[PDB]
**Q** 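Before anything else, here's the structure in question.
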Protein chains: 2
Amino acid sequence: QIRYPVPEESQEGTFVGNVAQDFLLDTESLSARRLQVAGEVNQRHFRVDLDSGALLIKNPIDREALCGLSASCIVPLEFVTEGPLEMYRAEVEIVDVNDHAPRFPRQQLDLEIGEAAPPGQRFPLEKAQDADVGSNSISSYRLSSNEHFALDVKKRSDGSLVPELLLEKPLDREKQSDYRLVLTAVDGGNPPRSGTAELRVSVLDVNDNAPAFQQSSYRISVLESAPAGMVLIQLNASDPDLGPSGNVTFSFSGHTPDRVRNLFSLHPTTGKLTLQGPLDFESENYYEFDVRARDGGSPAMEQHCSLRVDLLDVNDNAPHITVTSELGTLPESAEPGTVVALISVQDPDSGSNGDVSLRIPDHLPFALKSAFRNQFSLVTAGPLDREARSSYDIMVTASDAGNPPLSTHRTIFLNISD
Amino acid sequence: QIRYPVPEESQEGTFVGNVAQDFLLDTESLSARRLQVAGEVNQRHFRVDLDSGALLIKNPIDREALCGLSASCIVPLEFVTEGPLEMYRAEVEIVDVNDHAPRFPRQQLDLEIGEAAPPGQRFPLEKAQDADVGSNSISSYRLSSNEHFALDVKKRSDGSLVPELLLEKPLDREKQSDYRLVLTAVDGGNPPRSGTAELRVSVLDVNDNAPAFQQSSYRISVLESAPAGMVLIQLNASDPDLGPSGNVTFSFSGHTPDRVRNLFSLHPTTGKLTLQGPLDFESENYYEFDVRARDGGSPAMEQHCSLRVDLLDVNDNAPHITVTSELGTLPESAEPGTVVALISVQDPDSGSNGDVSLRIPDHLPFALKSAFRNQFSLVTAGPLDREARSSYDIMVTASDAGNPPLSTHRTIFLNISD
Ligand SMILES: *[C@@H]1O[C@H](CO[C@@H]2O[C@@H](C)[C@@H](O)[C@@H](O)[C@@H]2O)[C@@H](O[C@@H]2O[C@H](CO)[C@@H](O[C@@H]3O[C@H](CO[C@H]4O[C@H](CO)[C@@H](O)[C@H](O)[C@@H]4O)[C@@H](O)[C@H](O[C@H]4O[C@H](CO)[C@@H](O)[C@H](O)[C@@H]4O[C@@H]4O[C@H](CO)[C@@H](O[C@@H]5O[C@H](CO)[C@H](O)[C@H](O)[C@H]5O)[C@H](O)[C@H]4NC(C)=O)[C@@H]3O)[C@H](O)[C@H]2NC(C)=O)[C@H](O)[C@H]1NC(C)=O
Ligand SMILES: *[C@@H]1O[C@H](CO[C@@H]2O[C@@H](C)[C@@H](O)[C@@H](O)[C@@H]2O)[C@@H](O[C@@H]2O[C@H](CO)[C@@H](O[C@@H]3O[C@H](CO[C@H]4O[C@H](CO)[C@@H](O)[C@H](O)[C@@H]4O)[C@@H](O)[C@H](O[C@H]4O[C@H](CO)[C@@H](O)[C@H](O)[C@@H]4O[C@@H]4O[C@H](CO)[C@@H](O)[C@H](O)[C@H]4NC(C)=O)[C@@H]3O)[C@H](O)[C@H]2NC(C)=O)[C@H](O)[C@H]1NC(C)=O
Ligand SMILES: *[C@@H]1O[C@H](CO)[C@@H](O)[C@H](O)[C@H]1NC(C)=O
Ligand SMILES: *[C@@H]1O[C@H](CO)[C@@H](O)[C@H](O)[C@H]1NC(C)=O
Ligand SMILES: *[C@H]1O[C@H](CO)[C@@H](O)[C@H](O)[C@@H]1O
Ligand SMILES: *[C@H]1O[C@H](CO)[C@@H](O)[C@H](O)[C@@H]1O
Ligand SMILES: *[C@H]1O[C@H](CO)[C@@H](O)[C@H](O)[C@@H]1O
Ligand SMILES: *[C@H]1O[C@H](CO)[C@@H](O)[C@H](O)[C@@H]1O
Ligand SMILES: [Ca+2]
Ligand SMILES: [Ca+2]
Ligand SMILES: [Ca+2]
Ligand SMILES: [Ca+2]
Ligand SMILES: [Ca+2]
Ligand SMILES: [Ca+2]
Ligand SMILES: [Ca+2]
Ligand SMILES: [Ca+2]
Ligand SMILES: [Ca+2]
Ligand SMILES: [Ca+2]
Ligand SMILES: [Ca+2]
Ligand SMILES: [Ca+2]
Ligand SMILES: [Ca+2]
Ligand SMILES: [Ca+2]
Ligand SMILES: [Ca+2]
Ligand SMILES: [Ca+2]
Ligand SMILES: [Ca+2]
Ligand SMILES: [Ca+2]
Ligand SMILES: [Cl-]
Ligand SMILES: [Cl-]
Ligand SMILES: [Cl-]
Ligand SMILES: [Cl-]
Ligand SMILES: [Cl-]
Ligand SMILES: [Cl-]
Ligand SMILES: [Cl-]
């Protein structure tokens with residue numbers, strides 16, 4: 001087999017080989033035998049010189065259009081002479097040149113990756129095309145510097161490279177939602193030729209954040225006289241997720257007792273906590289309960305918060321006077337110290353607001369004695385004479401130590417007999 | 001201050017204290033002084049024995065109805081004597097007993113936790129109620145043995161416990177979707193009393209699985225004569241998620257070239273890959289393309305798979321005989337060795353299916369000569385005499401080396417002249 005190598009895309013008139021010498025034809029015989037290539041197609045690309053007997057390129061040859069991705073491109077040639085008419089055979093090897101640069105069919109590649117994609121997941125990329133073969137084909141892929149993505153290039157069944165995008169670090173759309181990358185494919189030509197593609201990565205949102213309250217817990221003070229409809233506090237919570245998944249609404253915890261719901265209500269949009277009814281420090285001095293903020297995701301994320309409402313005592317009770325026992329009538333002969341009445345006082349308020357003092361006018365022949373807390377006896381403190389006064393209206397005044405103090409008035413009526 | 005402790009729910013006649021001796025009353029004069037409890041309410045629960053002067057329980061006292069959740073329960077008592085008329089005061093401390101067991105308001109508690117909940121996330125639980133106070137109130141919560149959940153119990157300023165369920169290890173609904181737990185609350189009484197609640201936690205599904213092919217790649221061999229509509233392979237992929245997120249459908253990759261789409265089709269539900277048109281080993285010997293499986297989730301998860309289809313050569317071409325040149329007429333005086341015809345053969349099949357041998361009948365005065373691959377010249381091999389035979393019909397037979405071989409027949413017609 002006579003084999004001539006010649007590079008593809010060679011100019012018209014390029015020397016391939018001297019077939020006349022290799023077929024053992026005489027030079028003078030060459031001008032007579034009129035050696036020519038047989039076959040209509042091959043006459044477009046090859047020609048035989050009548051003077052030298054050289055096989056020459058007629059029209060440039062494209063190896064890619066002829067053999068595609070085959071490793072070797074060999075063109076069998078047949079020749080004809082006259083006198084006598086004879087046929088000869090030779091093979092022309094078309095040697096590949098690097099007339100193709102790597103090129104991605106689309107130069108804009110867009111990937112949408114979920115925010116919760118696990119590191120180690122591979123994402124396919126469309127590979128560049130290089131119609132050349134051998135070392136002139138694609139030799140490596142490159143990915144521009146970044147912090148979350150790397151390249152994982154796989155070799156498929158024939159030995160072509162298949163590039164895949166590999167997630168190295170977890171994503172977080174709340175920190176970075178978009179990545180702009182450049183992907184490069186380079187062949188092993190001399191010099192290497194390359195082509196690039198722009199890779200835009202989008203991070204899709206997951207509902208991975210619960211709402212966050214402004215403070216971890218709230219403690220509030222309110223006077224027990226506060227009217228219904230007063231705003232105690234406005235709860236604020238934020239959620240960084242997108243759309244309804246970042247939309248915060250407020251409510252009581254599911255386990256909130258009705259004793260809380262009776263006095264407090266929570267506006268679902270504004271988070272304003274209002275007072276719904278009368279408070280009373282004397283019955284309950286504080287309330288502890290939990291509230292929650294929910295996002296509008298499906299399903300929803302929840303966050304709880306602890307609320308404490310402290311009541312402040314108000315001096316809303318005047319002292320209560322109990323006259324336990326009462327003489328009614330007293331002999332004018334009674335010795336000083338005679339008990340006229342037993343008196344008890346109570347004030348339900350706290351601290352100084354509930355501390356009671358008792359008094360009567362000085363000018364009376366009576367006095368107040370106390371042996372135990374909040375207990376007073378009304379006794380005679382001087383002599384009595386019916387002819388002077390037949391009866392006494394003894395004005396008793398109880399007062400608490402609030403500011404200002406509140407007073408209670410009670411009159412003990414006492415008849416005097418002989 | 002005279003203070004007597006007495007446990008709540010004590011029977012009638014229980015000894016509280018010797019008030020007379022603490023009030024410093026003469027022992028011989030009790031029947032005269034007639035020490036008595038003052039106040040209608042306190043007279044329902046306490047009475048003074050006239051002979052001994054001891055304060056006794058009349059009707060049993062409920063500490064819970066009196067003080068609720070307060071730590072200390074103190075009842076001021078007032079007493080009255082006659083001869084002389086006097087008032088005395090003492091305090092009774094009502095001591096809590098352990099007459100309340102812990103009790104959850106609901107015996108069935110249900111939690112729905114997302115499969116992708118991060119470890120360390122907390123979930124509220126409805127606390128049990130124990131109306132007692134002090135050591136008789138709830139002292140600890142317990143959670144049955146398990147591997148993913150623990151308790152995080154918070155202590156408030158008054159001593160109330162707030163139980164929270166704490167996720168310790170990551171969940172996976174594809175491995176276990178339901179957890180059955182019992183939650184227990186115990187007080188610190190002697191003996192300790194407790195109550196339980198049934199806790200059912202369910203794991204909600206996330207679309208965290210892409211479909212999985214049975215094999216990482218498939219390689220198929222098919223004869224180039226295979227008829228249209230033949231099933232080459234059935235792709236199988238599973239997706240363990242729930243609902244549409246676990247429903248798999250098949251398709252070609254988005255970038256699949258039309259030369260592939262023209263010959264192969266993929267049923268979206270069954271995954272059967274069928275043949276759509278004629279194959280030809282002589283023009284194309286293999287096809288490589290990617291297929292994908294998508295679930296019905298929103299957004300959809302997909303996994304790609306690489307397919308390679310290799311064609312097998314069939315002996316579907318008999319050799320082709322080309323008679324390049326033919327003398328047609330020959331003089332009987334011509335010397336042996338004269339070339340009568342030029343013959344080239346070709347068979348497009350590969351291997352033994354494409355190797356051609358040539359022959360002619362033995363008895364003829366002709367022979368076949370070959371100087372180049374697949375080129376034969378028909379020459380005279382003996383003397384020729386016109387008077388004997390004026391013309392020859394030379395039967396040339398080409399055969400390939402297939403089993404069974406395929407043959408081609410061509411006759412060279414030759415006239416002889418004088
Ligand atoms: C993707 O997945 C698909 C589906 O997978 C299946 O379905 C899913 C849902 C799962 O359950 C999965 O586990 C399943 O596998 C899968 O396609 C299947 O591929 C299988 C092979 O890989 C194939 O199995 C064959 O089934 C034949 C019967 O099928 C009939 O019934 C089924 C179910 O009802 C129908 O779908 C189907 O259309 C048919 O109607 C079965 O006969 C084959 O076994 C014979 O052949 C074997 C090798 O060819 C051989 O090893 C076996 O031993 C058996 O050989 C026969 O043995 C009997 C008894 O010994 C002989 O009978 C006796 O003969 C003696 C004389 O010899 C005497 O006459 C006695 O009297 C007589 O009883 C008989 O002669 C033997 N035959 C031969 C030819 O030798 C084989 O098991 C499934 O059908 C496929 N399913 C479908 C739905 O198509 C794909 O493979 C997966 N894809 C990939 C890429 O893997
Ligand atoms: C939950 O969030 C809400 C809302 O938050 C606000 O909106 C968010 C979108 C975001 O932007 C966030 O940053 C905002 O703060 C909270 O409610 C807000 O609370 C703050 C603080 O408690 C209040 O600020 C006060 O604003 C008034 C003016 O408010 C008028 O105009 C507002 C619009 O700009 C309206 O929204 C109001 O309705 C009202 O019409 C200021 O006057 C206050 O400053 C003065 O008083 C404080 C002490 O209270 C002093 O420290 C300051 O120095 C100011 O004093 C004045 O100074 C001038 C000049 O020196 C002097 O001439 C005056 O005499 C001084 N006056 C006095 C009285 O000394 C505050 O800045 C917001 O009004 C309130 N907004 C709403 C809508 O309610 C809420 O607190 C939060 N929840 C929790 C638990 O934190
Ligand atoms: C939340 O939902 C309401 C309707 O309920 C809508 O008007 C609002 O725009 C949404 N987003 C925010 C941030 O409030
Ligand atoms: C997928 O959805 C279709 C809708 O009709 C249903 O018929 C089919 O059974 C589903 N897939 C599986 C694997 O069940
Ligand atoms: C692509 O890459 C090749 C090799 O790195 C370069 O030679 C070319 O200029 C292009 O940048
Ligand atoms: C790679 O770089 C080329 C320019 O060399 C661009 O055309 C391409 O879009 C990518 O950025
Ligand atoms: C709750 O726990 C207490 C103390 O462990 C038991 O006595 C009771 O039976 C219940 O199981
Ligand atoms: C805890 O266990 C008790 C039985 O000891 C049940 O009655 C209760 O409902 C919970 O399961
Ligand atoms: Ca070319
Ligand atoms: Ca080339
Ligand atoms: Ca190239
Ligand atoms: Ca995030
Ligand atoms: Ca998010
Ligand atoms: Ca959210
Ligand atoms: Ca009050
Ligand atoms: Ca008060
Ligand atoms: Ca008061
Ligand atoms: Ca009780
Ligand atoms: Ca208890
Ligand atoms: Ca109790
Ligand atoms: Ca899972
Ligand atoms: Ca899942
Ligand atoms: Ca899935
Ligand atoms: Ca064929
Ligand atoms: Ca064939
Ligand atoms: Ca053949
Ligand atoms: Cl590479
Ligand atoms: Cl609510
Ligand atoms: Cl009274
Ligand atoms: Cl009065
Ligand atoms: Cl006495
Ligand atoms: Cl009594
Ligand atoms: Cl505990």
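Only heavy atoms go into these numbers, but all of them, side chains included; no hydrogens, no water, no symmetry mates. Note on naming: letters A, B, ... go to the chains in the order of the sequence lines (proteins, then strands), and numbering restarts at 1 for each one.
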**Q** Mark yes or no for whether B:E284, through its side chain, and B:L279, through its backbone, hold a donor-acceptor pair below 3.5 Å.
**A** no

**Q** Check whether any side-chain heavy atom of A:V186 lies under 4.5 Å from a side-chain heavy atom of A:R142, and answer yes or no.
**A** yes

**Q** Quick one: does any side-chain atom of B:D258 pair with a main-chain N or O of B:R261 as donor and acceptor, under 3.5 Å?
**A** no

**Q** Taking side chain as C-beta onward, heavy atoms only, is A:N136 less than 4.5 Å from A:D187?
**A** no

**Q** So which of A:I61, A:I57, A:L66 actually passes side-chain contact (heavy atoms from CB on, under 4.5 Å) with A:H45?
**A** A:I61

**Q** Mind running side chain to side chain contact (heavy atoms under 4.5 Å, CB included) on B:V203 and B:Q176 for me, showing each step along the way?
**A** CA-CA 8 Å; B:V203 187; B:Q176 185 176 353; over 6 Å; no

**Q** Counting neighbours of CZ on B:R308 that are heavy atoms of other residues, nucleotides or ligands and sit closer than 6.0 Å, is the number greater than 12?
**A** yes

**Q** Say whether, by atom type as modelled, one donor and one acceptor occur between the side chain of B:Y287 and the main chain of B:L311 under 3.5 angstrom.
**A** no

**Q** Not counting sequence neighbours, which residues clear salt bridge (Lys or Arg N to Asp or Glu O under 4.0 Å) with B:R180? List them please.
**A** none

**Q** Quick one: salt bridge (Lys or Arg N to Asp or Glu O under 4.0 Å) pairs with a partner in residues 234-247 of chain B, sequence neighbours left out?
**A** none

**Q** Between B:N317 (side chain only) and B:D347 (backbone N and O only), is there a donor and an acceptor less than 3.5 Å apart?
**A** no

**Q** List in chain and number order the residues that pass side-chain contact (heavy atoms from CB on, under 4.5 Å) with B:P240, two or more places apart in sequence or in another chain; answer none if no residue qualifies.
**A** B:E174, B:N209

**Q** Of the non-hydrogen atoms in A:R106 and A:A197, which two are nearest, and what is the gap between them?
**A** O-CB, 4.1 Å

**Q** A:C67: what forms a disulfide (SG to SG under 2.5 Å) with it, not counting sequence neighbours?
**A** A:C73

**Q** Mind listing the closest non-hydrogen atom pair of B:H304 and B:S253 along with its distance?
**A** ND1-OG, 3.0 Å

**Q** Contact between B:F372 and B:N374 at the side-chain level, heavy atoms closer than 4.5 Å - yes or no?
**A** no

**Q** Side chain to side chain donor-acceptor pair (under 3.5 Å) for B:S399 and B:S407? Distances and angles first, verdict last.
**A** CA-CA 5 Å; B:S399 294; B:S407 295; 3.1 Å; yes

**Q** Could you name each residue pair satisfying salt bridge (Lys or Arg N to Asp or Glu O under 4.0 Å) that touches residues 92-101 of chain A, not counting sequence neighbours?
**A** A:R3-A:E93, A:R63-A:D96

**Q** I'd like to check the salt bridge (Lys or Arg N to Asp or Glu O under 4.0 Å) partners of B:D110; sequence neighbours left out, ordered by chain and number.
**A** B:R200

**Q** Return yes when atom CZ of B:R373 has more than 12 non-hydrogen atoms of other residues, nucleotides or ligands closer than 6.0 Å, and no otherwise.
**A** no

**Q** Closest approach of B:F149 and B:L181, non-hydrogen atoms and distance?
**A** CD1-CD1, 4.2 Å

**Q** Main chain of B:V182, side chain of B:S144: is a donor-acceptor contact present, judged purely on distance under 3.5 Å?
**A** yes

**Q** Counting only N and O atoms by type, is there a donor-acceptor contact under 3.5 Å from the side chain of B:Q234 to the main-chain atoms of B:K272?
**A** no

**Q** For A:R193, which residues count as a salt bridge (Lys or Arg N to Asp or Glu O under 4.0 Å) partner, sequence neighbours excluded?
**A** none

**Q** Mind listing the closest non-hydrogen atom pair of B:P211 and B:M301 along with its distance?
**A** CD-O, 3.5 Å

**Q** Just by distance, do the side chain of A:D295 and the backbone of A:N247 share a donor-acceptor pair under 3.5 Å?
**A** no

**Q** Under 4.5 Å between any side-chain heavy atoms of A:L183 and A:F104, yes or no?
**A** yes

**Q** Can you sort out the partners of B:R219 under salt bridge (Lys or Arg N to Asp or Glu O under 4.0 Å), two or more places apart, ordered by chain and number?
**A** B:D310

**Q** Counting N and O atoms only, with roles assigned by atom type, does the side chain of B:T408 sit under 3.5 Å from a partner on the main chain of B:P319, one being a donor and the other an acceptor?
**A** yes

**Q** Could you walk me through whether B:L166 and B:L151 pass the side chain to side chain contact (heavy atoms under 4.5 Å, CB included) check?
**A** CA-CA 6 Å; B:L166 174 56; B:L151 271 177; over 6 Å; no

**Q** Assess the side chains of A:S194 and A:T184: does a donor N or O sit below 3.5 Å from an acceptor N or O?
**A** no

**Q** Rounded to the nearest 0.5 Å, what separation is found between the CG atom of B:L109 and the CD atom of B:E198?
**A** 9.5 Å

**Q** Can A:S177 and A:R173 be counted as having a side-chain donor-acceptor contact under 3.5 angstrom?
**A** no

**Q** Going by atom types alone, do A:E91 and A:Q1 pair a side-chain donor with an acceptor below 3.5 Å?
**A** no

**Q** Decide yes or no on side chain to side chain contact (heavy atoms under 4.5 Å, CB included) for A:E115 and A:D208, but give the supporting numbers first.
**A** CA-CA 9 Å; A:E115 174 172 45; A:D208 52 350; 3.3 Å; yes

**Q** Do side-chain atoms of A:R294 reach the backbone of A:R292 as a donor and acceptor pair under 3.5 angstrom?
**A** no

**Q** Within the structure provided, determine whether B:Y179 and B:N146 are in side-chain contact (heavy-atom separation under 4.5 Å).
**A** no

**Q** Has B:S370 got a side-chain atom pairing as donor or acceptor with B:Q375's backbone, closer than 3.5 angstrom?
**A** yes

**Q** The criterion is side-chain contact (heavy atoms from CB on, under 4.5 Å); which residues satisfy it with B:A228, sequence neighbours excluded?
**A** none

**Q** Please examine the side chains of A:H100 and A:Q129, heavy atoms only from C-beta on, and report whether any two atoms are closer than 4.5 Å.
**A** no

**Q** Run the numbers on B:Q276 and B:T274 for side chain to side chain donor-acceptor pair (under 3.5 Å), then give the verdict.
**A** CA-CA 6 Å; B:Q276 307 295 96; B:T274 58; 2.9 Å; yes

**Q** Quick one: closest heavy-atom pair of A:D205 and A:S245, and the distance?
**A** OD2-CB, 4.4 Å

**Q** What residue pairs, at least two apart or across chains, pass ring-ring contact (aromatic ring centres under 6.0 Å, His included) with a residue in residues 239-261 of chain B?
**A** B:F252-B:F289

**Q** Can you see whether B:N315 engages B:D400 through a side-chain donor-acceptor pair at a distance of less than 3.5 angstrom?
**A** yes

**Q** Would you call B:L111 and B:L125 a side-chain contact if the rule is heavy atoms closer than 4.5 Å?
**A** yes

**Q** Looking only at heavy atoms, which two atoms of B:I113 and B:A117 are closest? And how far apart?
**A** CG2-CB, 3.8 Å

**Q** Please step through side chain to side chain contact (heavy atoms under 4.5 Å, CB included) for the pair B:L358 and B:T397, ending with a clear verdict.
**A** CA-CA 6 Å; B:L358 206 62; B:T397 295; over 6 Å; no

**Q** Sequence neighbours excluded, which residues qualify as side-chain contact (heavy atoms from CB on, under 4.5 Å) partners of A:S135?
**A** none

**Q** Output all residues satisfying side-chain contact (heavy atoms from CB on, under 4.5 Å) with A:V6, sequence neighbours left out; order by chain, then residue number.
**A** A:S10, A:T14, A:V16, A:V92, A:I94

**Q** Are side-chain heavy atoms of B:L235 and B:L307 found at a separation under 4.5 Å?
**A** yes

**Q** Do B:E288 and A:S157 pair up side chain to side chain, a donor and an acceptor below 3.5 Å, judged on atom types alone?
**A** yes

**Q** Just how far is it from atom CG of A:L69 to atom CG of A:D132, taken to the nearest 0.5 Å?
**A** 9.5 Å

